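Residue numbers (the entry's author numbering), protein chains in the order written: chain 1, 1 to 48; chain c, 2 to 177; chain l, 1 to 120; chain j, 1 to 135; chain u, 11 to 92.
A virtual CB, placed ideally from N, CA and C, is assigned to each residue, including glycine.
Right, one structure below, let's go through it.
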Amino acid sequence: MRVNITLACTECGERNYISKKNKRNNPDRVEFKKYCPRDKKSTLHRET
Amino acid sequence: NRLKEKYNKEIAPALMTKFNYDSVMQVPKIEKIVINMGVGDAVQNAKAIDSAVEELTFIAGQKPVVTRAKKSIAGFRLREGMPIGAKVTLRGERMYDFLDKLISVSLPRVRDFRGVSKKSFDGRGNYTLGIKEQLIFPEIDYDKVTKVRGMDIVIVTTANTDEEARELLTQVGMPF
Amino acid sequence: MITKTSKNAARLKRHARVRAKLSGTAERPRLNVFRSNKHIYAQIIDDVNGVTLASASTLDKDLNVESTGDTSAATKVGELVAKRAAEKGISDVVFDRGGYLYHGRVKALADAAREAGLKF
Amino acid sequence: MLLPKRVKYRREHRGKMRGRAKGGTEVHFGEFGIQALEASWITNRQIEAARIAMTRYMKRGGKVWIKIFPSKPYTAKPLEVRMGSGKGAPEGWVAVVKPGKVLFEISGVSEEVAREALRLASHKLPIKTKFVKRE
Amino acid sequence: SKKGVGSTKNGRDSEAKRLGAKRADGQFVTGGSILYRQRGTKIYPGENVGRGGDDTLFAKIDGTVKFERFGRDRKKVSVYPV
RNA sequence: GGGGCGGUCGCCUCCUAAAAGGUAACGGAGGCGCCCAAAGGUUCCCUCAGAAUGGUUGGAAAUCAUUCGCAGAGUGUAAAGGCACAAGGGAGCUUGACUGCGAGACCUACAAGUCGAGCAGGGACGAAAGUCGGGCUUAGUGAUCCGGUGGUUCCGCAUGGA
RNA sequence: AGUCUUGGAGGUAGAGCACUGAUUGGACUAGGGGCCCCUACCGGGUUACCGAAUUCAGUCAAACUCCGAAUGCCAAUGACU
RNA sequence: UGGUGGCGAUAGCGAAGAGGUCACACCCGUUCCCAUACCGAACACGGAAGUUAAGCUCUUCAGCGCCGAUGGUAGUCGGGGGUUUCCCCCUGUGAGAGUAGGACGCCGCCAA
RNA sequence: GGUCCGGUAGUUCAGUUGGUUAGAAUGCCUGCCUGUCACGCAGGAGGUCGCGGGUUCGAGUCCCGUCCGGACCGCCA
RNA sequence: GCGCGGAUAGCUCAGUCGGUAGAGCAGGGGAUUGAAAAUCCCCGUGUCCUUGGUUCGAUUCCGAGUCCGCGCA
């Protein structure tokens, strides 16, 4: 079943992205490399 | 290698005189020997194929390929996705190496032997053989074998009719 | 006899597959190669009119080399067709391999064209 | 009682019948046949009763043909209800006879007994009919 | 007296979407104008005309639309600038 | 098609629908309140289902080999449309299931909904051309108020803070 | 706006079997009855007794369509009103 | 004769027959790029022993597939009737499964 | 006439939900005990799921329809 | 008039792809016993209440008639 996830980043705290995930398929805290507007560059994002 | 030399020297000339071929490279040629393992798996034990793979890599010279089931059928409790059977194709000098072992040591070492089947053909020059025992060449470590499922042997030639393959396999060395 | 497809016949599908994505117009013409087992050809094609601009091959009447089918000949024919582009200069060309794989004598032709100066 | 052993959907529209028959206009298999010359519906009870009146009188004369199958169902609401609130349950099978269609074909039988027998079978049908023979 | 019947369980159908030609042959059109609203590739686009996210045909340049045959059976749509 | 009782109330697909669009009924048939870290994105490469014949455990079909085979098979899921120059299948890499947008265009009472070239920043894949702002398209979903959470170069009742 | 010319989109009436279903006979047999005997029918001989699969010929379909108008619809250009 | 294109297969599927000095392709062997969820048929690798057998190109044919109007009809716009769940007359318009036949290729561009 | 229930070994009830195993008493058969029978004690089989159709690798158990029973309702004049 | 239901051995009852008429009781005979019954075995002569289609074959698959029982604003 699918849960919303709000993405966060270490290289800057303020992050915004909403995605979905299955708790069976990805129990582990997922990571993604994305473009933050305020860092004005592509950064690696965790979620909360 | 020896069989390649004899095939180049005498086999192909004899049959090309016999069928009176205008172009000498219309000669039928054995193309591929493929060895296909099949396990009656159906989720009984994972280690059956996990033994047959390294048994067949000892029977042949290289590692086989775990075949993939196409579709699920519950008539064996066969779920699609879990592995069944193994396959390996042999060509090059390797095919003549294997056919060498076959004719030289293997069929004489079968527990009982009469002549190979007269009409196991496809109708279009291919041949299929079914053997019941893994005891092909004697330096398999026979004490390690547990299951008794033998092997499936498929020789494919460029023969278009059954008769040319039938005649050529005689001088290859298949008893009939 | 088992049905072995012609290699060229299989090649046409891949060449049409790549040609569906790209084609060589005026002032942006298409590079074209041939990788016959004995010879390597190169052609420059304009599509909107169905005409060829420049071409080259290993069996040209000059600069023949005992390779004639190897990567040295590929580089030589590539820079040959580079000056063939140069005299009636286009100075630009899109790439189109002929259903081949960009590793070998085709690649030799490619960077032959590159260092001889046809901007991709 | 010619049952279509399976049917795609069980309720179709009643449709409208305009013009002459699409095919099977003339005698094709037998020598003498019976043709209808105006449009109506035709149902399995009628077709069975007609085939009885034909064949039982005909006894050992020869063989018969039917080139009509009552494939199309027709429904009806149950008796004494207010109309509306869903289509009614189907209860029977019908076929369309466009004018020009041949109904039944007779075989292996001389002309005059077939004549009077088709005439006898005509009264079972609710339609005006015409005798046609093979060309 | 009455008899009680119900349960039709059929009375639903979606709101039907508008699909079809929204420009005619020979129309002057503008850049970004849709030409045909299909659902699945009924007509492959030709030159100066793209293919949308839900298989929509949109004119990339202002020009005149032409409808043509593509192959044996299929249609093609194109824009010719004037 | 008097009320009660029964059934239904939103969204998606086809027919009814009268060869543009639209078009009702307690008219006829189904589905939806998801799922997919890949069942995406790029690059590269293929090709089905079924049948015939041989082959053992093994067959009516488990796994091989040949031949025929436009599409009968798939296309996450209902139907419809379309798809074998893949939109079907397989492999590597990766996160474009990005931000700021947006010429115009459809549809519409309004609220809404939908497509969209191209531009800017920063990417991914590929050598490149070029593709990528999720799924092959159409369903998989709700106003406002009020409250929670995170960031704020905003205001904060004399001023400075709160 | 009307009309003439011309360009389109669109699958209805019609028609049709190429698909999907239905459906009729001829032929044919896989295979299910058919009793006998050897007997585990091992098979033979088995009634046209039924009867899959092909072909020949024929019949229907709103949710079948290899086709498919008349009209209506959307336009362009010129001409007239 | 090879390369690449546009044209609805009137381009095909078939059946037969010819060609190879050149070109094209079968072939030779994986050593080093590269590869075979197993393999040099496949990817590439670098040669040239013989081979038109196939691929490919030409020659023939209407078996299949395809294209195909003429006059007939079915339908239908508009009028007008009738005993009117449907038929009929007229100005137009023109069905497809049917044949007359067409076709077993047409036009380029560069390298002989 | 409408709605809702169930349709399982010979009988009575679980399983019918867990799509991926068909079970429990009783009955019946055999053996033991008893002089014999009954109790009592050891052993054992059975149904392949009302029917038909559809989905899926696979339905007793999912979804329709047919049949059999049972419950409820069939009201206002 | 309608919808049903049946009528099958002397009696009570079964009897669906049509696959060569069934059970229990009853009767008789045999077994058992000193005899008898209880018990066991064997022995059925079934126009399946009439009229048609079909079939190699029809309580059977039906059709409509006869008799009786079950419900009808």
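**Nearest residue (CA-CA) to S42 (chain 1), options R2 (chain 1), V3 (chain 1), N4 (chain 1) and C9 (chain 1)** = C9 (chain 1)
**Item:** Partner residues on chain j for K86 (chain u), Cβ-Cβ distance less than 9 Å
**Value:** The contacting residues do not exist; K86 (chain u) stays about 36 Å from chain j at best.
**Asked** How big is the Cα-Cα spacing for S57 (chain l) and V65 (chain l)?
**Response** 12 Å
**Message:** If we require 4 or more residues per run, which alpha helix (DSSP H) segments fall completely within the segment 15 to 70 of chain c?
**Reply:** 50 to 60
**Neighbourhood of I34 (chain c) by C-beta distance below 8 Å, restricted to the same chain and skipping five residues each side** = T90, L91, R92, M96, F99, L100, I154, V155, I156 and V157
**Asked** If you compare alpha carbons, which of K12 (chain u), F38 (chain u), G50 (chain u) and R82 (chain u) is closest to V92 (chain u)?
**Response** Closest option to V92 (chain u), Cα to Cα, is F38 (chain u).
**Asked** Does the segment 16 to 26 of chain l come close enough to the segment 85 to 101 of chain l that 3 or more CB-CB pairs lie under 8 Å?
**Response** Yes, since at least three Cβ pairs between the segment 85 to 101 of chain l and the segment 16 to 26 of chain l fall closer than 8 Å, the two stretches touch.
**Where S36 (chain l) sits in the DSSP three-state scheme** = coil
**Item:** Status (buried if at least 16 other CB within 10 Å, exposed otherwise) for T51 (chain u)
**Value:** exposed
**Request:** Just tell me which of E164 (chain c), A75 (chain c) and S105 (chain c) has its CA closest to the CA of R125 (chain c).
**Result:** Of the listed residues, the one whose Cα sits closest to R125 (chain c) is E164 (chain c).
**Item:** DSSP bridge partner residues for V48 (chain l) (one or two, in chain order)
**Value:** According to DSSP, which records beta bridges pairwise, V48 (chain l) is partnered with nothing at all.
**Prompt:** With a cut-off of 8 Å, do at least 3 Cβ pairs link the segment 61 to 78 of chain j to the segment 91 to 102 of chain j?
**Reply:** yes
**Request:** Classify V146 (chain c) as helix, strand or coil using the three-state DSSP reduction.
**Result:** coil
**Prompt:** Mind checking if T159 (chain c) is an interface residue toward chain l, Cβ cutoff 7 Å exclusive?
**Reply:** yes
**Message:** Assess contact between the segment 140 to 148 of chain c and the segment 53 to 60 of chain c, defined as three or more Cβ pairs (one per stretch) separated by less than 8 Å. Is contact present?
**Reply:** yes
**Nonlocal neighbours in the same chain, by C-beta distance under 7 Å from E38 (chain j), ignoring five residues either side** = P99, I127 and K128
**Item:** 7 Å Cβ cutoff, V15 (chain u) in contact with chain j
**Value:** yes
**Prompt:** Roughly how many angstroms lie between the CA atoms of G41 (chain c) and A10 (chain l), to the nearest whole one?
**Reply:** Those two C-alpha atoms are separated by around 38 Å.
**Asked** Just how far apart, CA to CA, sit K101 (chain j) and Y9 (chain j)?
**Response** Roughly 26 Å between the two C-alpha positions.
**Prompt:** Between which two residues does the beta strand (DSSP E) carrying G84 (chain j) extend?
**Reply:** Careful: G84 (chain j) lies outside any beta strand (DSSP E) and carries neither H nor E.
**Request:** Mind listing the chain u neighbours of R10 (chain j)? Cutoff is C-beta to C-beta under 9 Å, in chain order.
**Result:** Those within 9 Å of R10 (chain j) in chain u number zero; the least Cβ separation is about 13 Å.
**CB contact below 7 Å: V7 (chain j) versus chain u** = Output row for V7 (chain j): interface = no.
**Item:** Interface residues of chain l facing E32 (chain c) [CB-CB closer than 8 Å]
**Value:** Simply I2.
**Request:** Measure the CB-CB distance between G56 (chain u) and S88 (chain u) and report whether it falls below 7 Å.
**Result:** Going by C-beta atoms, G56 (chain u) is nearer than 7 Å to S88 (chain u).
**Asked** Beta-carbon separation of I60 (chain c) and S107 (chain c) under 7 Å?
**Response** no
**Asked** Given a limit of 7 Å on CB to CB distance, which residues of the segment 79 to 100 of chain j reach chain u?
**Response** Against chain u - using a Cβ distance shorter than 7 Å - the residues of the segment 79 to 100 of chain j are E80, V81, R82, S85 and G86.
**Prompt:** To the nearest angstrom, how far is it from the Cα of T68 (chain l) to the Cα of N32 (chain l)?
**Reply:** 18 Å
**Pairwise C-alpha distance: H123 (chain j) and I68 (chain j)** = 18 Å
**Request:** Determine whether the Cβ of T18 (chain u) lies closer than 7 Å to any Cβ atom of chain j.
**Result:** yes
**Prompt:** By how many angstroms is the C-alpha of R6 (chain j) removed from the C-alpha of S71 (chain j)?
**Reply:** 10 Å
**Request:** Determine the chain j residues that contact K12 (chain u) at a beta-carbon separation under 7 Å, and present them in chain order.
**Result:** Those within 7 Å of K12 (chain u) in chain j are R82.
**Item:** For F32 (chain 1), the first and last residue of its enclosing beta strand (DSSP E)
**Value:** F32 to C36
**Message:** If contacts are defined as beta-carbon pairs under 8 Å, then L120 (chain j) and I34 (chain j) qualify, I think. What distance do you get, rounded to the angstrom?
**Reply:** Between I34 (chain j) and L120 (chain j) the Cβ distance is about 11 Å, and since that is not below 8 Å, they are no contact.
**Item:** One or two residues paired with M152 (chain c) in a DSSP bridge
**Value:** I132 (chain c)
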